[PDB]
file target.pdb (PDB, C-alpha atoms (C1' of nucleotides))
ATOM      1  CA  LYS V   1     -26.303 -28.010   9.464
ATOM      2  CA  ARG V   2     -25.232 -31.020  11.551
ATOM      3  CA  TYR V   3     -26.945 -29.779  14.699
ATOM      4  CA  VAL V   4     -30.172 -28.607  13.085
ATOM      5  CA  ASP V   5     -30.280 -31.929  11.229
ATOM      6  CA  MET V   6     -29.962 -33.956  14.442
ATOM      7  CA  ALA V   7     -32.513 -31.642  16.064
ATOM      8  CA  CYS V   8     -35.011 -32.216  13.267
ATOM      9  CA  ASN V   9     -34.533 -35.992  13.356
ATOM     10  CA  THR V  10     -34.765 -36.303  17.110
ATOM     11  CA  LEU V  11     -37.925 -34.228  17.353
ATOM     12  CA  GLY V  12     -39.357 -36.303  14.521
ATOM     13  CA  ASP V  13     -38.634 -39.370  16.622
ATOM     14  CA  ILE V  14     -40.421 -37.619  19.516
ATOM     15  CA  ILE V  15     -43.564 -36.828  17.482
ATOM     16  CA  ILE V  16     -43.882 -40.345  16.098
ATOM     17  CA  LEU V  17     -43.362 -41.729  19.580
ATOM     18  CA  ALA V  18     -45.765 -39.221  21.089
ATOM     19  CA  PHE V  19     -48.746 -40.365  19.075
ATOM     20  CA  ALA V  20     -47.572 -43.980  18.709
ATOM     21  CA  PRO V  21     -50.121 -46.746  19.097
ATOM     22  CA  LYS V  22     -47.854 -49.029  21.019
ATOM     23  CA  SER V  23     -50.513 -51.742  21.232
ATOM     24  CA  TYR V  24     -53.664 -52.511  19.266
ATOM     25  CA  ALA V  25     -56.104 -53.078  22.039
ATOM     26  CA  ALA V  26     -57.985 -49.760  22.278
ATOM     27  CA  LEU V  27     -59.275 -50.088  18.737
ATOM     28  CA  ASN V  28     -58.676 -40.903  16.088
ATOM     29  CA  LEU V  29     -54.998 -40.914  14.957
ATOM     30  CA  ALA V  30     -53.737 -37.857  13.133
ATOM     31  CA  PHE V  31     -51.630 -38.723  10.192
ATOM     32  CA  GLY V  32     -54.013 -36.498   8.226
ATOM     33  CA  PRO V  33     -52.499 -35.128   4.994
ATOM     34  CA  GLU V  34     -51.694 -31.805   6.591
ATOM     35  CA  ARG V  35     -48.436 -33.413   7.867
ATOM     36  CA  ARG V  36     -45.103 -32.302   6.352
ATOM     37  CA  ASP V  37     -41.388 -31.766   6.895
ATOM     38  CA  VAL V  38     -40.869 -28.557   4.942
ATOM     39  CA  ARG V  39     -37.243 -27.523   4.544
ATOM     40  CA  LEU V  40     -36.274 -23.980   3.855
ATOM     41  CA  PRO V  41     -33.601 -21.697   2.407
ATOM     42  CA  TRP V  42     -31.942 -18.867   4.218
ATOM     43  CA  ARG V  43     -31.421 -15.152   4.466
ATOM     44  CA  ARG V  44     -28.554 -14.320   2.074
ATOM     45  CA  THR V  45     -26.557 -11.440   3.536
ATOM     46  CA  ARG V  46     -22.808 -10.782   3.250
ATOM     47  CA  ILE V  47     -20.983  -8.565   5.752
ATOM     48  CA  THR V  48     -17.473  -7.567   4.739
ATOM     49  CA  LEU V  49     -14.427  -6.215   6.573
ATOM     50  CA  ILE V  50     -11.212  -4.321   6.143
ATOM     51  CA  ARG V  51      -8.330  -6.766   6.374
ATOM     52  CA  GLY V  52      -5.731  -4.280   7.510
ATOM     53  CA  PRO V  53      -5.488  -2.315  10.722
ATOM     54  CA  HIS V  54      -4.596   1.107   9.442
ATOM     55  CA  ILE V  55      -4.279   2.427   5.951
ATOM     56  CA  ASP V  56      -4.934  -0.590   3.910
ATOM     57  CA  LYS V  57      -8.139   0.447   2.107
ATOM     58  CA  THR V  58      -7.246  -2.035  -0.575
ATOM     59  CA  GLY V  59      -7.466  -4.735   2.057
ATOM     60  CA  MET V  60     -11.010  -6.117   2.028
ATOM     61  CA  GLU V  61     -12.402  -9.490   3.076
ATOM     62  CA  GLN V  62     -15.966 -10.850   2.999
ATOM     63  CA  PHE V  63     -17.737 -12.487   5.958
ATOM     64  CA  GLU V  64     -21.012 -14.063   6.414
ATOM     65  CA  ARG V  65     -23.582 -15.579   8.765
ATOM     66  CA  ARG V  66     -25.710 -18.680   8.068
ATOM     67  CA  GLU V  67     -29.116 -19.566   9.515
ATOM     68  CA  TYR V  68     -30.554 -22.974   8.632
ATOM     69  CA  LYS V  69     -34.232 -23.636   9.107
ATOM     70  CA  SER V  70     -36.715 -26.462   9.254
ATOM     71  CA  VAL V  71     -40.329 -26.559  10.306
ATOM     72  CA  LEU V  72     -41.906 -29.573  11.949
ATOM     73  CA  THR V  73     -45.597 -30.236  11.518
ATOM     74  CA  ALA V  74     -48.146 -32.265  13.455
ATOM     75  CA  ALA V  75     -51.473 -31.882  15.182
ATOM     76  CA  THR V  76     -53.550 -33.875  17.630
ATOM     77  CA  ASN V  77     -56.737 -34.100  19.606
ATOM     78  CA  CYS V  78     -55.943 -34.978  23.252
ATOM     79  CA  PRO V  79     -53.849 -32.779  25.551
ATOM     80  CA  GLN V  80     -51.936 -35.301  27.688
ATOM     81  CA  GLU V  81     -49.559 -36.278  24.917
ATOM     82  CA  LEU V  82     -49.169 -32.606  23.981
ATOM     83  CA  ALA V  83     -47.938 -32.111  27.508
ATOM     84  CA  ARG V  84     -45.646 -35.103  26.961
ATOM     85  CA  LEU V  85     -44.274 -33.212  23.970
ATOM     86  CA  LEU V  86     -43.740 -29.956  25.840
ATOM     87  CA  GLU V  87     -42.088 -31.684  28.746
ATOM     88  CA  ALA V  88     -40.028 -33.746  26.295
ATOM     89  CA  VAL V  89     -38.667 -30.596  24.712
ATOM     90  CA  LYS V  90     -38.230 -29.243  28.232
ATOM     91  CA  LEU V  91     -35.815 -32.050  29.035
ATOM     92  CA  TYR V  92     -33.656 -32.785  25.952
ATOM     93  CA  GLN V  93     -31.165 -29.943  25.621
ATOM     94  CA  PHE V  94     -29.963 -29.061  22.117
ATOM     95  CA  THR V  95     -26.680 -27.403  21.321
ATOM     96  CA  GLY V  96     -26.545 -23.919  19.822
ATOM     97  CA  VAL V  97     -29.971 -24.390  18.273
ATOM     98  CA  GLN V  98     -33.038 -22.191  18.765
ATOM     99  CA  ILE V  99     -36.510 -23.659  19.326
ATOM    100  CA  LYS V 100     -39.402 -21.387  18.372
ATOM    101  CA  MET V 101     -42.738 -23.138  18.651
ATOM    102  CA  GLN V 102     -46.269 -22.410  17.402
ATOM    103  CA  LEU V 103     -49.254 -23.945  19.179
ATOM    104  CA  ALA V 104     -52.531 -22.884  17.596
ATOM    105  CA  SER V 105     -55.218 -24.749  19.493
ATOM    106  CA  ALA V 106     -58.881 -24.697  20.424
ATOM    107  CA  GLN V 107     -59.975 -23.218  23.738
ATOM    108  CA  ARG V 108     -63.454 -22.335  24.962
ATOM    109  CA  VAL V 109     -64.672 -18.795  25.540
ATOM    110  CA  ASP V 110     -67.134 -17.293  27.979
TER     111      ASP V 110
ATOM    112  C1'   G R   1      79.394  -8.385 -23.612
ATOM    113  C1'   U R   2      78.244  -9.977 -29.226
ATOM    114  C1'   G R   3      75.400  -7.926 -34.154
ATOM    115  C1'   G R   4      74.018  -3.518 -36.861
ATOM    116  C1'   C R   5      73.426   1.488 -41.098
ATOM    117  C1'   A R   6      70.147   1.565 -37.031
ATOM    118  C1'   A R   7      65.353   1.241 -34.895
ATOM    119  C1'   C R   8      67.321  -2.109 -31.120
ATOM    120  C1'   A R   9      67.792  -8.103 -31.523
ATOM    121  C1'   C R  10      69.760 -10.839 -27.811
ATOM    122  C1'   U R  11      72.094 -12.946 -23.159
ATOM    123  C1'   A R  12      70.688 -11.421 -18.366
ATOM    124  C1'   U R  13      69.453 -11.053 -12.964
ATOM    125  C1'   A R  14      68.074  -8.782  -9.201
ATOM    126  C1'   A R  15      67.174  -5.358  -5.530
ATOM    127  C1'   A R  16      62.544  -4.000  -2.660
ATOM    128  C1'   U R  17      57.666  -5.210  -1.003
ATOM    129  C1'   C R  18      53.127  -8.149  -0.724
ATOM    130  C1'   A R  19      49.876 -12.826   1.510
ATOM    131  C1'   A R  20      47.636 -13.765  -1.948
ATOM    132  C1'   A R  21      48.139 -12.755  -7.258
ATOM    133  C1'   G R  22      45.936 -17.268  -9.841
ATOM    134  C1'   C R  23      43.401 -21.913 -12.438
ATOM    135  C1'   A R  24      39.045 -25.410 -13.745
ATOM    136  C1'   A R  25      34.065 -27.116 -13.380
ATOM    137  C1'   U R  26      30.204 -25.061 -11.644
ATOM    138  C1'   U R  27      25.522 -22.216  -8.613
ATOM    139  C1'   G R  28      23.422 -17.681  -8.879
ATOM    140  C1'   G R  29      23.001 -11.404 -11.510
ATOM    141  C1'   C R  30      23.419  -9.481 -16.102
ATOM    142  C1'   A R  31      22.119  -9.731 -22.648
ATOM    143  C1'   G R  32      23.626  -3.893 -26.042
ATOM    144  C1'   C R  33      23.324 -13.338 -28.037
ATOM    145  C1'   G R  34      18.906 -16.526 -30.446
ATOM    146  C1'   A R  35      14.648 -20.423 -30.701
ATOM    147  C1'   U R  36       9.880 -22.106 -28.272
ATOM    148  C1'   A R  37       5.274 -20.368 -24.638
ATOM    149  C1'   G R  38       2.166 -16.343 -21.815
ATOM    150  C1'   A R  39      -0.094 -11.255 -20.480
ATOM    151  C1'   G R  40      -6.342  -4.944 -23.994
ATOM    152  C1'   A R  41       1.550  -6.550 -23.451
ATOM    153  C1'   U R  42       0.708  -3.074 -27.091
ATOM    154  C1'   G R  43      -0.425  -0.725 -32.441
ATOM    155  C1'   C R  44      -6.929  -2.869 -32.331
ATOM    156  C1'   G R  45     -11.845  -0.132 -29.453
ATOM    157  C1'   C R  46     -14.546   2.336 -25.451
ATOM    158  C1'   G R  47     -14.800   5.623 -21.454
ATOM    159  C1'   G R  48     -12.317   8.774 -18.179
ATOM    160  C1'   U R  49      -8.513  12.414 -16.294
ATOM    161  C1'   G R  50      -5.939  17.140 -17.004
ATOM    162  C1'   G R  51     -11.077  22.400 -19.242
ATOM    163  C1'   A R  52     -15.859  24.455 -15.544
ATOM    164  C1'   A R  53     -18.389  24.072 -10.613
ATOM    165  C1'   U R  54     -19.337  21.143  -6.341
ATOM    166  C1'   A R  55     -17.963  17.256  -3.114
ATOM    167  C1'   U R  56     -13.658  15.166  -1.013
ATOM    168  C1'   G R  57      -8.430  14.234   0.625
ATOM    169  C1'   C R  58      -3.134  16.528   0.904
ATOM    170  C1'   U R  59       0.579  20.300   1.012
ATOM    171  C1'   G R  60       1.449  25.435   2.061
ATOM    172  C1'   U R  61      -0.271  29.989   4.619
ATOM    173  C1'   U R  62      -2.191  32.064   8.922
ATOM    174  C1'   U R  63      -4.609  31.172  13.776
ATOM    175  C1'   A R  64      -4.749  30.143  20.414
ATOM    176  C1'   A R  65      -5.343  25.276  18.532
ATOM    177  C1'   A R  66      -6.345  24.252  13.058
ATOM    178  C1'   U R  67      -4.704  17.244  17.682
ATOM    179  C1'   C R  68      -1.550  13.031  15.473
ATOM    180  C1'   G R  69       0.262   9.554  12.045
ATOM    181  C1'   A R  70      -0.122   7.929   6.302
ATOM    182  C1'   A R  71       4.770  10.715   2.201
ATOM    183  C1'   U R  72       7.459   8.298  -5.151
ATOM    184  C1'   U R  73       5.247   4.052  -6.940
ATOM    185  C1'   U R  74       1.444   0.889  -3.025
ATOM    186  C1'   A R  75      -0.078   8.710   0.527
ATOM    187  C1'   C R  76      -3.753  12.004  -1.197
ATOM    188  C1'   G R  77     -13.199   9.255  -0.671
ATOM    189  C1'   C R  78      -6.017   7.327   4.066
ATOM    190  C1'   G R  79      -6.649   5.642   9.751
ATOM    191  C1'   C R  80     -12.346   8.550   9.842
ATOM    192  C1'   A R  81     -17.962   2.348   7.777
ATOM    193  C1'   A R  82     -19.064   9.471   9.096
ATOM    194  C1'   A R  83     -16.616  16.001  14.113
ATOM    195  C1'   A R  84     -23.371  20.316  15.622
ATOM    196  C1'   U R  85     -21.495  19.514  22.145
ATOM    197  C1'   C R  86     -19.892  14.419  23.228
ATOM    198  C1'   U R  87     -16.476  11.416  19.373
ATOM    199  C1'   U R  88     -11.263  14.069  20.768
ATOM    200  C1'   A R  89      -6.265  13.249  22.242
ATOM    201  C1'   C R  90      -5.484  20.409  20.638
ATOM    202  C1'   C R  91      -6.369  25.374  22.458
ATOM    203  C1'   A R  92      -8.571  29.679  26.123
ATOM    204  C1'   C R  93     -10.383  29.796  31.103
ATOM    205  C1'   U R  94     -11.752  27.611  36.134
ATOM    206  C1'   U R  95     -11.156  23.661  39.388
ATOM    207  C1'   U R  96      -9.501  18.818  41.020
ATOM    208  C1'   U R  97      -5.702  14.293  43.053
ATOM    209  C1'   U R  98      -0.646  12.331  43.317
TER     210        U R  98
END

call {"tool": "encode", "arguments": {"input": "target.pdb", "output": "structure tokens"}}
result
Amino acid sequence: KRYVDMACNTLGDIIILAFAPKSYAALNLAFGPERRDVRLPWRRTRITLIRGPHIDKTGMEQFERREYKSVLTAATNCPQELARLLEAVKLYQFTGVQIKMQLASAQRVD
RNA sequence: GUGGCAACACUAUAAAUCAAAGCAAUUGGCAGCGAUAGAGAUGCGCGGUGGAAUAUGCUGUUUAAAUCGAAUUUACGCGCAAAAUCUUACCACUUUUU
């Protein structure tokens, strides 16, 4: 939970940096009330084993895998900072932790 | 040798061997020695087994092989959370390399 926690916080830092108005002077920001940090429970499944090597059918022990999940939400209107996001997650390597990413977006059709 | 009516009562050493025979406080194992605590620990209940058939495992018998270990509790739905060939180590036959 340590690594997924650091992953969630560092990508949250990246999002807030990525749309950050660093100076006033140009003034179309999206903190619209879609935005969340939804946490999630897991997939409860126990996988047990024989303790002993041979006869030993008394000898049971329970084992177990954990998957911890978060989803990170934002949206925006210009593409150059979206590319800053995708290249940002291209650079910073994260340990043991899967990144699956959903990018619903508008694109024009002939 | 003394006493007696005696059973024997004395007095009384040794020969010969052994390397310990012993003793007291313990520390542990016993209890067919009690007091206090705890366990469906019972007598308190329910449902089984052992009766029938099937599944399934084991012995024993035979077969060419029925591969091999598990053996009283704690082995017997055990290695096998899976054998139609393959898994598979066993046999029949035909080949292969040292």

call {"tool": "closest_residue", "arguments": {"input": "target.pdb", "among": "V:42, V:77, V:13, V:2", "to": "residue 28 (chain V)", "atoms": "all atoms listed in the file"}}
result
V:77

call {"tool": "closest_residue", "arguments": {"input": "target.pdb", "among": "V:6, V:15, V:38, V:25", "to": "residue 84 (chain V)", "atoms": "all atoms listed in the file"}}
result
V:15

call {"tool": "resolve_selection", "arguments": {"input": "target.pdb", "expression": "the PyMOL selection byres ((chain R) within 10 of (chain V))", "output": "VMD selection string"}}
result
chain R and resid 70 74 to 75 78 to 79 81

call {"tool": "closest_residue", "arguments": {"input": "target.pdb", "among": "V:63, V:3, V:92, V:19", "to": "residue 31 (chain V)", "atoms": "only C-alpha atoms"}}
result
V:19

call {"tool": "atom_distance", "arguments": {"input": "target.pdb", "atom1": "CA of residue 7 (chain V)", "atom2": "CA of residue 71 (chain V)"}}
result
11.0 Å

call {"tool": "atom_distance", "arguments": {"input": "target.pdb", "atom1": "CA of residue 62 (chain V)", "atom2": "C1' of residue 73 (chain R)"}}
result
27.8 Å

call {"tool": "resolve_selection", "arguments": {"input": "target.pdb", "expression": "the PyMOL selection byres ((chain V and resi 8) around 12)", "output": "JSON list (two decimals) with C-alpha atoms, in the coordinates of the input"}}
result
[["chain", "number", "residue", "atom", "x", "y", "z"],
["V", 1, "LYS", "CA", -26.30, -28.01, 9.46],
["V", 2, "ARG", "CA", -25.23, -31.02, 11.55],
["V", 3, "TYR", "CA", -26.94, -29.78, 14.70],
["V", 4, "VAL", "CA", -30.17, -28.61, 13.08],
["V", 5, "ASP", "CA", -30.28, -31.93, 11.23],
["V", 6, "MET", "CA", -29.96, -33.96, 14.44],
["V", 7, "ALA", "CA", -32.51, -31.64, 16.06],
["V", 9, "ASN", "CA", -34.53, -35.99, 13.36],
["V", 10, "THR", "CA", -34.76, -36.30, 17.11],
["V", 11, "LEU", "CA", -37.92, -34.23, 17.35],
["V", 12, "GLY", "CA", -39.36, -36.30, 14.52],
["V", 13, "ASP", "CA", -38.63, -39.37, 16.62],
["V", 14, "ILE", "CA", -40.42, -37.62, 19.52],
["V", 15, "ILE", "CA", -43.56, -36.83, 17.48],
["V", 37, "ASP", "CA", -41.39, -31.77, 6.90],
["V", 38, "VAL", "CA", -40.87, -28.56, 4.94],
["V", 39, "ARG", "CA", -37.24, -27.52, 4.54],
["V", 68, "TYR", "CA", -30.55, -22.97, 8.63],
["V", 69, "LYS", "CA", -34.23, -23.64, 9.11],
["V", 70, "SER", "CA", -36.72, -26.46, 9.25],
["V", 71, "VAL", "CA", -40.33, -26.56, 10.31],
["V", 72, "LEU", "CA", -41.91, -29.57, 11.95],
["V", 73, "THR", "CA", -45.60, -30.24, 11.52],
["V", 94, "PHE", "CA", -29.96, -29.06, 22.12],
["V", 97, "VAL", "CA", -29.97, -24.39, 18.27],
["V", 98, "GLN", "CA", -33.04, -22.19, 18.76],
["V", 99, "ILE", "CA", -36.51, -23.66, 19.33]]

call {"tool": "atom_distance", "arguments": {"input": "target.pdb", "atom1": "CA of residue 32 (chain V)", "atom2": "CA of residue 16 (chain V)"}}
result
13.4 Å

call {"tool": "resolve_selection", "arguments": {"input": "target.pdb", "expression": "the PyMOL selection byres ((chain R and resi 68) around 12)", "output": "count of residues only"}}
result
7

call {"tool": "residues_around", "arguments": {"input": "target.pdb", "residues": "residue 64 (chain V)", "least_positions_apart": "2", "cutoff": "10 Å", "atoms": "all atoms listed in the file", "output": "PDB file with C-alpha atoms, in the frame of the given file"}}
result
ATOM      1  CA  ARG V  44     -28.554 -14.320   2.074  1.00  0.00           C
ATOM      2  CA  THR V  45     -26.557 -11.440   3.536  1.00  0.00           C
ATOM      3  CA  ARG V  46     -22.808 -10.782   3.250  1.00  0.00           C
ATOM      4  CA  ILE V  47     -20.983  -8.565   5.752  1.00  0.00           C
ATOM      5  CA  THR V  48     -17.473  -7.567   4.739  1.00  0.00           C
ATOM      6  CA  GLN V  62     -15.966 -10.850   2.999  1.00  0.00           C
ATOM      7  CA  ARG V  66     -25.710 -18.680   8.068  1.00  0.00           C
TER       8      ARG V  66
END

call {"tool": "closest_residue", "arguments": {"input": "target.pdb", "among": "R:15, R:92, R:35, R:44", "to": "residue 64 (chain R)", "atoms": "all atoms listed in the file"}}
result
R:92

call {"tool": "axis_aligned_box", "arguments": {"input": "target.pdb", "around": "region 13-21 of chain R", "padding_each_side": "8 Å", "output": "lines of an AutoDock Vina configuration file"}}
result
center_x = 58.5
center_y = -8.9
center_z = -5.7
size_x = 37.8
size_y = 25.8
size_z = 30.5

call {"tool": "decode", "arguments": {"input": "target.pdb", "residues": "region 32-91 of chain R", "atoms": "C-alpha atoms (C1' of nucleotides)", "output": "PDB file, in the first residue's frame"}}
result
ATOM      1  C1'   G R  32      -2.862 -47.848  45.139  1.00  0.00           C
ATOM      2  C1'   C R  33      -1.587 -39.657  50.093  1.00  0.00           C
ATOM      3  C1'   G R  34      -5.057 -34.819  50.305  1.00  0.00           C
ATOM      4  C1'   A R  35      -6.639 -29.332  49.430  1.00  0.00           C
ATOM      5  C1'   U R  36      -7.259 -25.351  45.527  1.00  0.00           C
ATOM      6  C1'   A R  37      -7.956 -24.336  39.533  1.00  0.00           C
ATOM      7  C1'   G R  38      -9.037 -26.093  34.095  1.00  0.00           C
ATOM      8  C1'   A R  39     -11.014 -29.274  29.765  1.00  0.00           C
ATOM      9  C1'   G R  40     -19.339 -31.777  25.811  1.00  0.00           C
ATOM     10  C1'   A R  41     -13.629 -34.324  30.916  1.00  0.00           C
ATOM     11  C1'   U R  42     -17.872 -37.102  31.491  1.00  0.00           C
ATOM     12  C1'   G R  43     -23.191 -38.855  33.505  1.00  0.00           C
ATOM     13  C1'   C R  44     -26.419 -33.732  30.305  1.00  0.00           C
ATOM     14  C1'   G R  45     -28.165 -33.466  24.237  1.00  0.00           C
ATOM     15  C1'   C R  46     -27.658 -34.019  18.867  1.00  0.00           C
ATOM     16  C1'   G R  47     -25.912 -36.507  14.671  1.00  0.00           C
ATOM     17  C1'   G R  48     -22.980 -40.292  12.698  1.00  0.00           C
ATOM     18  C1'   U R  49     -20.406 -45.240  12.287  1.00  0.00           C
ATOM     19  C1'   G R  50     -20.811 -50.650  12.456  1.00  0.00           C
ATOM     20  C1'   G R  51     -27.204 -52.732   8.731  1.00  0.00           C
ATOM     21  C1'   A R  52     -28.060 -51.900   2.459  1.00  0.00           C
ATOM     22  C1'   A R  53     -25.890 -50.027  -2.299  1.00  0.00           C
ATOM     23  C1'   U R  54     -22.449 -46.787  -4.621  1.00  0.00           C
ATOM     24  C1'   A R  55     -18.056 -43.945  -4.424  1.00  0.00           C
ATOM     25  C1'   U R  56     -13.251 -44.187  -2.385  1.00  0.00           C
ATOM     26  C1'   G R  57      -8.576 -45.919   0.073  1.00  0.00           C
ATOM     27  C1'   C R  58      -5.848 -50.543   2.209  1.00  0.00           C
ATOM     28  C1'   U R  59      -4.666 -55.657   2.900  1.00  0.00           C
ATOM     29  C1'   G R  60      -4.955 -60.467   0.663  1.00  0.00           C
ATOM     30  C1'   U R  61      -5.545 -63.392  -3.957  1.00  0.00           C
ATOM     31  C1'   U R  62      -4.219 -63.981  -8.896  1.00  0.00           C
ATOM     32  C1'   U R  63      -1.879 -61.729 -13.330  1.00  0.00           C
ATOM     33  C1'   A R  64       3.194 -60.404 -17.531  1.00  0.00           C
ATOM     34  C1'   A R  65       2.961 -56.010 -14.664  1.00  0.00           C
ATOM     35  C1'   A R  66      -1.327 -54.925 -11.135  1.00  0.00           C
ATOM     36  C1'   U R  67       5.210 -49.446 -10.479  1.00  0.00           C
ATOM     37  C1'   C R  68       6.825 -47.516  -5.357  1.00  0.00           C
ATOM     38  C1'   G R  69       6.504 -45.615  -0.518  1.00  0.00           C
ATOM     39  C1'   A R  70       2.582 -44.337   3.812  1.00  0.00           C
ATOM     40  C1'   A R  71       1.718 -49.425   8.490  1.00  0.00           C
ATOM     41  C1'   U R  72      -1.257 -49.096  16.117  1.00  0.00           C
ATOM     42  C1'   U R  73      -2.602 -44.419  17.680  1.00  0.00           C
ATOM     43  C1'   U R  74      -1.092 -39.564  13.947  1.00  0.00           C
ATOM     44  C1'   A R  75      -1.844 -45.352   7.465  1.00  0.00           C
ATOM     45  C1'   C R  76      -6.362 -46.444   5.071  1.00  0.00           C
ATOM     46  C1'   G R  77     -10.896 -39.298   0.028  1.00  0.00           C
ATOM     47  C1'   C R  78      -2.461 -40.980   1.968  1.00  0.00           C
ATOM     48  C1'   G R  79       1.820 -38.896  -1.622  1.00  0.00           C
ATOM     49  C1'   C R  80      -2.490 -38.538  -6.336  1.00  0.00           C
ATOM     50  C1'   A R  81      -5.510 -30.479  -5.886  1.00  0.00           C
ATOM     51  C1'   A R  82      -7.419 -36.000 -10.310  1.00  0.00           C
ATOM     52  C1'   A R  83      -4.281 -42.588 -14.844  1.00  0.00           C
ATOM     53  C1'   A R  84      -8.636 -42.835 -21.736  1.00  0.00           C
ATOM     54  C1'   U R  85      -2.486 -42.726 -24.714  1.00  0.00           C
ATOM     55  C1'   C R  86       0.856 -39.074 -22.433  1.00  0.00           C
ATOM     56  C1'   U R  87       1.057 -38.411 -16.511  1.00  0.00           C
ATOM     57  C1'   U R  88       4.437 -43.242 -15.330  1.00  0.00           C
ATOM     58  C1'   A R  89       8.817 -44.963 -12.947  1.00  0.00           C
ATOM     59  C1'   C R  90       5.913 -51.623 -14.239  1.00  0.00           C
ATOM     60  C1'   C R  91       5.168 -55.362 -18.008  1.00  0.00           C
TER      61        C R  91
END
